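Numbered from 1 within each chain, the chains take letters A, B, ... in sequence-line order. Scope of the values below: all heavy atoms of this structure, side chains included, with no hydrogens, waters or symmetry mates.
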Amino acid sequence: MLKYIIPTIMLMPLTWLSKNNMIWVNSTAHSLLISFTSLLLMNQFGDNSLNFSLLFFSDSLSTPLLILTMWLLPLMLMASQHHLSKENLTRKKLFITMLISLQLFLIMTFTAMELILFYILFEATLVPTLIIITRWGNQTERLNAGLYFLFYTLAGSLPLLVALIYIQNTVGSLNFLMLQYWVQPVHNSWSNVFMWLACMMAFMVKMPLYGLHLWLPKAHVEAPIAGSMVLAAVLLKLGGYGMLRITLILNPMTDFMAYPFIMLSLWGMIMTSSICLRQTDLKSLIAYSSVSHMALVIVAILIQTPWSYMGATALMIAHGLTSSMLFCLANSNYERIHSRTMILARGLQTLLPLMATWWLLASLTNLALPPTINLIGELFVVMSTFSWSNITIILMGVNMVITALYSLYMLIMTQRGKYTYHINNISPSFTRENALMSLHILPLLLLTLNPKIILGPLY
Amino acid sequence: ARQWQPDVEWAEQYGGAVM
Amino acid sequence: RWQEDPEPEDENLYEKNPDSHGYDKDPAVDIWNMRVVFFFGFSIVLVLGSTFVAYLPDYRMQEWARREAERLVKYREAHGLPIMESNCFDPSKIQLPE
Amino acid sequence: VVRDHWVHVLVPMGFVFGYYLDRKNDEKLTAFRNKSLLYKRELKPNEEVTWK
Amino acid sequence: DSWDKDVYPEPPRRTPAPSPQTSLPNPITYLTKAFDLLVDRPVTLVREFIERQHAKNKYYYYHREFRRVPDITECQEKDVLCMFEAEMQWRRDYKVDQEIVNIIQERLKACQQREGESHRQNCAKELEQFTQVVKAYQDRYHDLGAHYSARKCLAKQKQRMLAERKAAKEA
Amino acid sequence: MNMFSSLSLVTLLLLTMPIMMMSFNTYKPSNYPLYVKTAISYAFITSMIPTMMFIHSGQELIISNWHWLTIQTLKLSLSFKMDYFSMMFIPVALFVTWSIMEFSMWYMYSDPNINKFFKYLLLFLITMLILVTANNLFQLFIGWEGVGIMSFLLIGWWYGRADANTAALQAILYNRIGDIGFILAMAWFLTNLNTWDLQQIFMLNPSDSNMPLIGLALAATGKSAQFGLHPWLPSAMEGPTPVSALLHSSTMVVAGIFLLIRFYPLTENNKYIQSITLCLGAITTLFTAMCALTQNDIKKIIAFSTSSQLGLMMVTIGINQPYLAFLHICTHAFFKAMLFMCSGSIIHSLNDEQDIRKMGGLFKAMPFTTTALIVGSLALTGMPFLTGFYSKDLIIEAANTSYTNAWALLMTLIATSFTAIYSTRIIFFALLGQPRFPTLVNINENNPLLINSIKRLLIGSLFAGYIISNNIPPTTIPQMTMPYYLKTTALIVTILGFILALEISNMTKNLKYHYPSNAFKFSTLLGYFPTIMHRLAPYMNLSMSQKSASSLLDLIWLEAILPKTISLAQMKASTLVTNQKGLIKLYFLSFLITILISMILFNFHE
Amino acid sequence: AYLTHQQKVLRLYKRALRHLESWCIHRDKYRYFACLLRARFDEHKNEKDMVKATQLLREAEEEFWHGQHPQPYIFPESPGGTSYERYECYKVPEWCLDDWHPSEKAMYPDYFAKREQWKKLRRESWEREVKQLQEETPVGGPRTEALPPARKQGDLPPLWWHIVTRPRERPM
Ligand SMILES: CCCCCCCCCCCCO[C@@H]1O[C@H](CO)[C@@H](O[C@H]2O[C@H](CO)[C@@H](O)[C@H](O)[C@H]2O)[C@H](O)[C@H]1O
Ligand SMILES: CCCCCCCCCCCCO[C@@H]1O[C@H](CO)[C@@H](O[C@H]2O[C@H](CO)[C@@H](O)[C@H](O)[C@H]2O)[C@H](O)[C@H]1O
Ligand SMILES: CCCCCCCCCCCCO[C@@H]1O[C@H](CO)[C@@H](O[C@H]2O[C@H](CO)[C@@H](O)[C@H](O)[C@H]2O)[C@H](O)[C@H]1O
Ligand SMILES: CCCCCCCCCCCCO[C@@H]1O[C@H](CO)[C@@H](O[C@H]2O[C@H](CO)[C@@H](O)[C@H](O)[C@H]2O)[C@H](O)[C@H]1O
Ligand SMILES: CCCCCCCCCCCCO[C@@H]1O[C@H](CO)[C@@H](O[C@H]2O[C@H](CO)[C@@H](O)[C@H](O)[C@H]2O)[C@H](O)[C@H]1O
Ligand SMILES: CCCCCCCCCCCCO[C@@H]1O[C@H](CO)[C@@H](O[C@H]2O[C@H](CO)[C@@H](O)[C@H](O)[C@H]2O)[C@H](O)[C@H]1O
């Protein structure tokens with residue numbers, strides 16, 4: 001992985017040694033070049049994962065997440081450089097450094113072969129993320145949002161640290177390849193019930209699981225746009241990726257420990273979808289949309305079927321691009337009217353016709369219009385949960401209906417109707433804003449032509 | 001608007017003898 | 001109260017630069033920023049990357065598995081053997097308990 | 001080398017350097033080169049190692 | 001021809017010879033002649049040109065041959081080096097068996113379309129063959145879960161072998 | 001097979017080129033609508049060649065040209081089934097779309113976004129053809145939801161209108177509720193039969209097919225707007241009249257019936273499903289026709305007519321007559337599209353007036369629109385040997401000679417009489433009597449685009465039914481022996497409706513004032529279903545979203561029982577620890593206590 | 001209700017005639033019944049007792065509710081009509097033209113020359129318009145939404161821009 005780790009680090013010298021007026025051009029261009037080379041990770045085999053060294057390996061699960069992560073860095077740079085224009089030069093370079101360091105921790109997190117190396121990097125992403133939210137957020141509440149984000153995560157992570165170290169003691173290793181062959185079954189006992197909880201609660205909080213999700217709408221509403229992009233696109237998927245790996249050693253206890261969390265997700269997804277119908281804040285609506293989508297991922301990981309794992313892998317990638325696009329779309333409105341109130345600026349399709357096309361495409365992927373990968377992921381999950389229990393189609397069906405209602409409600413309220421009279425600073429969409437939107441939707445729609453590369457190890 | 005920063009009311013939360 | 005700077009007005013990048021791409025205030029930097037985003041983003045990553053992905057060699061050996069299965073079905077049907085046996089492992093190599 | 005374009009070699013060199021280091025790691029993991037049951041064979045007349 | 005007629009069998013074709021019972025000209029006859037003249041001939045020549053260039057640059061590719069290694073039954077407990085090879089072999093065979101079921105399914109579906117309204121009686125062999133192979137595939141691989149392995153497959157077989165033994169004991 | 005397969009694909013590839021030229025800015029933006037209209041005309045020609053080949057020898061084939069994705073033992077390929085149902089529907093849909101597009105060129109002339117309008121109409125058709133030719137359930141689902149989204153964008157064409165946005169969203173709501181059954185059918189078929197391809201489903205022929213077929217019936221209920229999920233189709237009248245013509249004759253609303261037709265190998269063996277669909281169609285055909293008797297919006301009457309006719313097709317499915325239902329789909333497309341286009345001609349000439357109470361005296365003022373309107377009405381009411389007689393008449397005689405629910409048969413017959421009554425209403429009020437429109441007369445139906453587009457559908461409404469019935473192969477045993485009174489039931493109840501409808505219409509002229517009956521209000525207000533359900537369901541769900549889901553749980557209880565309680569406890573403990581006197585005497589006195597309890601209670605000294 | 005008694009009766013009369021028209025449809029039949037309905041209003045036209053007059057209004061409204069047409073006629077462009085707000089998607093505020101690219105403005109040199117005069121006329125008049133509203137408004141703010149006319153020559157009626165420059169009812 002050094003062909004990706006090292007050039008990612010070299011982005012830091014590049015940013016700091018760039019001319020004062022070229023920090024965005026240089027960092028954006030060279031982070032796109034790194035994104036290009038990440039496609040070499042798709043040298044995947046039918047039987048064996050791609051194991052580079054004792055430290056790093058890349059299978060079909062981590063490969064698409066790595067490519068999503070490295071694609072997101074250039075997009076985040078494009079999305080931030082407007083609202084950071086008045087920033088002090090050094091504080092602009094420190095902002096970019098926080099994003100580069102986040103990418104560094106992320107690509108190492110997704111390829112760590114040892115679970116305790118995964119834990120440290122998994123935890124290391126907190127610091128740059130927290131600093132972005134609290135230093136470069138705009139509102140007073142960004143400070144409270146930082147604390148909720150920090151302490152929700154740590155409340156779960158610290159038990160996970162104890163469980164992993166206990167697992168290394170008893171099994172002798174935490175290398176994920178070794179665990180595949182040395183895994184022993186988990187037999188019922190209160191001791192194992194809490195080993196199971198410690199291994200899964202840290203990841204449940206990151207997804208987040210319904211009930212434990214309150215940190216997420218706070219963080220999104222306060223984060224800067226680049227922070228919201230990485231939060232929704234990648235950092236949520238650290239929970240999913242971690243769960244997909246650790247469940248290997250939790251069998252067969254996962255048979256009955258899953259029930260309380262499937263119930264929370266199946267019911268929680270209807271509850272958070274319905275919350276979206278009455279949200280007044282556009283960013284908060286998108287945040288609650290992520291909770292509903294990630295509920296499906298939690299259910300799919302817990303029912304442990306080949307179809308559900310394929311569906312979860314596609315959902316994580318599809319959600320990553322769609323939710324990131326939606327936050328970017330809402331941000332472009334915010335940079336004009338400087339409010340997140342959804343009902344404030346209406347009828348924008350009249351004033352920004354092409355940006356209204358992006359709003360349409362983003363909404364269609366969010367409601368999972370076939371054959372988007374949003375629909376492929378969501379459909380595969382629904383097929384597998386139906387076999388788990390037929391009655392789940394009722395809850396899946398209702399969520400699909402409510403998901404369409406709030407997706408098109410967001411489209412209709414902001415883009416259609418009459419424009420707000422007194423709002424007269426809706427300038428024409430910039431090239432930067434249109435290119436940012438297209439760099440989200442075009443790769444998302446292109447992946448429909450070749451969806452096998454985002455279906456994960458069980459394809 | 002512009003980014004919020006602590007004002008005097010906020011700063012006085014940390015000027016007392018105790019929190 | 002205190003001695004504080006008032007909230008500055010909103011700068012419309014189009015006023016000074018009607019051809020602004022929204023990247024930079026400097027028109028020359030603004031053009032270069034647009035060029036690298038479009039060339040490296042669309043012309044390279046999206047166009048070449050899409051072409052690279054389309055021609056990936058037998059991603060995860062799905063084609064070989066189909067060719068191999070054809071070989072086995074041809075052989076087994078000719079020799080009268082079952083297309084597929086219920087037992088994955090030879091039962092002579094297994095020692096049941098009891 | 002120019003006064004405007006020397007910073008543009010850092011990331012490309014980092015990739016080349018990382019690529020080089022990645023291949024050196026494979027030199028430490030040859031304990032089973034031409035020894036696995038699946039791929040073990042005889043060397044060709046000029047070959048010295050099945051892979052390097 | 002292009003594929004193997006044994007793996008993908010097609011029953012011999014039987015086409016009734018035209019028996020026009022009307023004086024009128026048949027529109028399909030002339031459109032067919034136009035299609036051959038206007039579409040088939042130019043498309044055929046363009047292909048023959050391309051087939052000439054390929055014949056001047058003939059090169060080959062091969063179907064990989066995988067030697068057989070000891071399966072998971074012969075591996076000592078927690079011996080990763082032997083487990084790894086048996087595990088990888090079992091994974092390769094799992095993919096191949098998936099495509100075997102696809103081939104048998106493809107035969108079944110081709111028969112259903114080919115036979116039309118008579119498919120119910122004329123695709124009994126294909127249905128029977130499909131039913132048997134799906135039973136074998138289900139026995140090998142069904143209910144193993146996302147984290148399937150050669151070990152879980154073996155444990156499932158042993159459990160099945162035990163049940164068959166006990167019923168045989170009842171006989 | 002070379003010509004058959006090549007030609008049936010260019011038909012589909014042809015329709016996409018205007019889409020490709022559009023989104024790739026290689027076209028000639030001058031007269032894009034005529035370009036899109038020309039492409040549809042040529043695609044009709046190319047689709048006739050495969051249809052003739054099927055008519056000749058019954059040639060059918062499946063084309064699986066591209067392998068898209070393999071999920072273990074489920075291979076998904078882009079597949080196109082060119083069978084009986086695809087070869088007849090495609091030329092009919094293109095023929096009607098050819099007229100509608102030519103009609104739209106005149107109707108939408110002043111629309112500034114006419115180029116986008118024709119692009120959406122073309123996508124609307126493309127997604128319908130994907131639906132009709134889909135050979136597996138996933139590819140079919142692409143077309144299923146494509147027409148739904150295209151319908152949403154066209155109903156809400158005038159997006160500054162709040163009522164058009166409500167109608168557009170309402171169509172999605174009702175069709176998504178239907179889509180629960182579609183997903184259910186997919187899940188059952190994958191689980192129990194390990195396939196989504198229509199071939200394997202029919203070869204395996206499941207016996208316990210109650211669950212998958214209920215899912216398909218639920219999906220058909222939403223798409224075809226049967227009772228329970230019906231209100232959205234009349235509300236879909238918000239869209240421009242060309243949308244209504246295409247939405248109701250082809251594209252969307254027929255997909256529901258088509259789905260059930262495609263699965264007749266399963267339904268023909270499940271009597272339980274037949275009983276449900278028959279009752280479902282019978283209430284639908286009766287209720288919607290009952291609502292049309294008192295509607296005054298000319299488009300809402302025709303909208304309710306379509307729901308009534310769709311209910312009839314659902315009845316035909318319910319009596320195990322899938323091919324008659326298909327024939328009615330084809331014949332209905334002709335005169336229903338014409339009726340909508342004729343109403344558009346009237347609405348345009350009367351400066352966007354759609355209330356029949358404000359028309360009249362147009363019989364002579366608009367002669368060609370009047371001829372088409374009368375032909376369309378007679379075709380709809382099964383006049384002998386017009387296009388509507390060859391499907392509808394056979395359906396009724398099969399209905400009363402079958403082993404059927406007696407109530408559904410009686411409901412179906414009464415609705416057939418209601419069809420004549422509301423058809424009489426449109427003619428009597430729009431065309432007869434004295435004019436009731438404003439004084440500045442601008443009636444003008446002399447545009448050749450308007451005349452030609454209606455002229456082509458008028459010929460179809462006269463002969464298309466005769467032509468088709470004489471060319472399709474026979475796939476059943478038509479029932480031709482029956483009592484004289486069962487033979488002529490369709491004709492007589494239609495005539496009686498005409499007579500009664502005429503008497504009712506004449507009473508409006510008398511100088512009498514009557515208070516409305518509860519029955520009159522019930523019909524006018526659509527059985528209060530939209531009034532009650534479109535206030536009660538939105539209110540309860542939306543109120544629960546804010547009050548309980550958000551505030552009570554997310555902003556209160558999920559906060560209280562964890563972060564707010566934990567942080568308060570820590571704040572309390574901090575105060576106990578740190579609130580000290582700073583007195584040497586007290587600290588050392590506590591050292592003595594610590595030492596004593598250390599020895600006495602915990603025996604730390606042992 | 002801020003409507004006087006006279007306004008309520010006149011409003012009820014109009015609303016009753018329109019619903020009567022929906023019932024009758026035919027113009028001759030409507031004319032016959034509209035005259036009988038008018039005769040009923042003329043019957044109590046001179047009722048000088050407010051208590052009785054108000055009581056007559058209550059019963060009249062009660063009768064209208066029972067007899068109202070469930071689906072009355074609505075003018076197409078009237079609230080609730082089939083063309084209400086049909087053209088809002090085409091109405092674009094005039095301030096959108098300040099953002100036009102110069103190459104777009106160069107296509108209409110004469111239109112944008114005139115537009116500048118209006119914008120010039122708007123700046124010059126604004127100060128006097130604010131002043132006029134300051135001098136005519138009593139302490140405690142206005143009590144009605146009525147606005148004054150201009151009182152001098154060269155003055156424009158205060159708050160005129162968004163009435164004068166509002167989009168055409170059939171813009172595109
Ligand atoms: C979000 C929170 C989710 C909470 C999920 C709760 C799951 C509850 C699991 C309960 C079952 C625990 O597992 C159970 O533990 C006891 C440990 O004493 C084991 O039993 C053991 O202790 C019991 C004493 O109670 C003895 O009677 C028994 O002889 C001994 O073997 C059981 O063999 C095992 O079946
Ligand atoms: C394989 C790796 C490839 C890496 C590719 C990286 C692409 C980066 C593209 C940026 C190119 C910009 O190159 C640019 O050239 C000119 C001339 O030397 C420099 O100097 C220029 O500064 C300003 C721009 O603000 C100009 O108005 C001025 O005319 C010129 O002096 C710029 O400072 C430099 O930024
Ligand atoms: C995978 C695709 C395979 C086939 C590709 C074939 C490419 C051939 C491109 C031809 C031009 C297509 O693009 C478009 O075609 C039509 C008709 O031809 C032209 O349109 C012209 O004819 C039509 C109808 O006769 C008129 O509506 C239009 O006013 C006129 O300009 C457009 O000016 C041209 O921009
Ligand atoms: C399958 C297709 C079936 C098509 C059936 C077509 C309609 C069948 C004929 C229906 C009745 C014909 O019409 C019959 O004769 C005359 C019409 O001149 C009507 O006579 C009426 O005409 C005038 C019209 O101004 C009325 O004001 C008057 O009250 C009344 O005398 C009769 O009330 C009616 O009974
Ligand atoms: C879900 C299981 C794990 C959960 C672990 C969560 C631990 C707690 C993390 C957040 C700690 C924040 O600690 C503190 O919380 C309170 C409210 O909660 C905030 O205070 C805010 O709410 C309180 C009460 O609602 C008000 O009195 C106060 O005026 C307001 O500012 C503080 O600004 C914050 O500093
Ligand atoms: C599963 C274990 C999870 C462990 C998580 C880590 C716990 C960290 C605890 C930090 C506690 C200190 O946080 C403290 O909380 C109280 C909330 O009562 C806040 O206090 C706030 O609410 C109280 C009452 O609601 C007000 O009187 C006060 O004016 C207001 O500031 C403090 O401003 C904050 O400083």
Whatever's closer than 4.5 Å to a heavy atom in chain C on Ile453(A) counts as both

Review point. Are the side chains of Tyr14(C) and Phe430(A) in touch, meaning some heavy atoms are under 4.5 Å apart?
Key: yes

If one checks every heavy atom of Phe38(C) against chain A at 4.5 Å, the contacting part turns out to be side chain

query = Should the heavy atoms of other residues, nucleotides or ligands under 6.0 Å from NZ of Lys93(C) be counted, would the total exceed 12?
reply = yes

Bottom line for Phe52(C): the part with an atom under 4.5 Å from chain A's heavy atoms is side chain

Max heavy-atom pairs within cutoff under 4.5 Å with chain A, candidates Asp10(C), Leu56(C), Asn33(C), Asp24(C), goes to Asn33(C)

Under 4.5 Å to a heavy atom of chain A? For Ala65(C) that would be neither

All heavy atoms of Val53(C) vs all of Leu39(A), minimum pair found to be CG2-CD2, 4.5 Å

All heavy atoms of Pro457(A) vs all of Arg60(C), minimum pair found to be O-NH2, 2.6 Å

Cut-off 4.5 Å, heavy atoms of chain C, and the answer for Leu33(A) is side chain

Between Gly49(C) and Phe36(A) the two heavy atoms that sit nearest each other are N-CE1, 3.9 Å

query: Is there a side-chain contact between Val25(A) and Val29(C), using heavy atoms and a 4.5 Å cut-off?
result: yes

Under 4.5 Å to a heavy atom of chain A? For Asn12(C) that would be side chain

Turns out that what part of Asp30(C) lies under 4.5 Å from chain A's heavy atoms comes down to neither

Cut-off 4.5 Å, heavy atoms of chain A, and the answer for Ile44(C) is both

Okay, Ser429(A) and chain C: the region with an atom under 4.5 Å from a heavy atom over there is backbone

Backbone N or O of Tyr59(C) within a donor-acceptor pair of the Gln44(A) side chain at under 3.5 Å? no

How about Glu7(C): does its CD atom have over 12 heavy atoms from other parts shown lying under 6.0 Å from it? yes

Bottom line for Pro443(A): the part with an atom under 4.5 Å from chain C's heavy atoms is both

Per-residue tally against chain C (heavy atom, under 4.5 Å) across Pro428(A), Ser85(A), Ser38(A) peaks at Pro428(A)

So, the part of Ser20(C) with a heavy atom under 4.5 Å from chain A: the answer is both

Under 4.5 Å to a heavy atom of chain C? For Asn450(A) that would be side chain

Assert top hit (heavy-atom pairs under 4.5 Å, partner chain C, pool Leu442(A), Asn43(A), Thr431(A)) equals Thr431(A)

query: Can you find a heavy atom in the side chain of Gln62(C) that is under 4.5 Å from one in the side chain of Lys452(A)?
result: no

CD/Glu15(C): more than 12 non-hydrogen atoms of other groups inside 6.0 Å: no

Indicate yes or no: at least one non-hydrogen side-chain atom of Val37(C) is less than 4.5 angstrom from one of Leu439(A).
yes

Fill in: Heavy-atom side-chain contact between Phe42(C) and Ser438(A) under 4.5 Å
yes

Under 4.5 Å to a heavy atom of chain C? For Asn434(A) that would be neither

Can you tell me if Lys16(C) has over 12 outside heavy atoms packed within less than 6.0 Å of its NZ? no

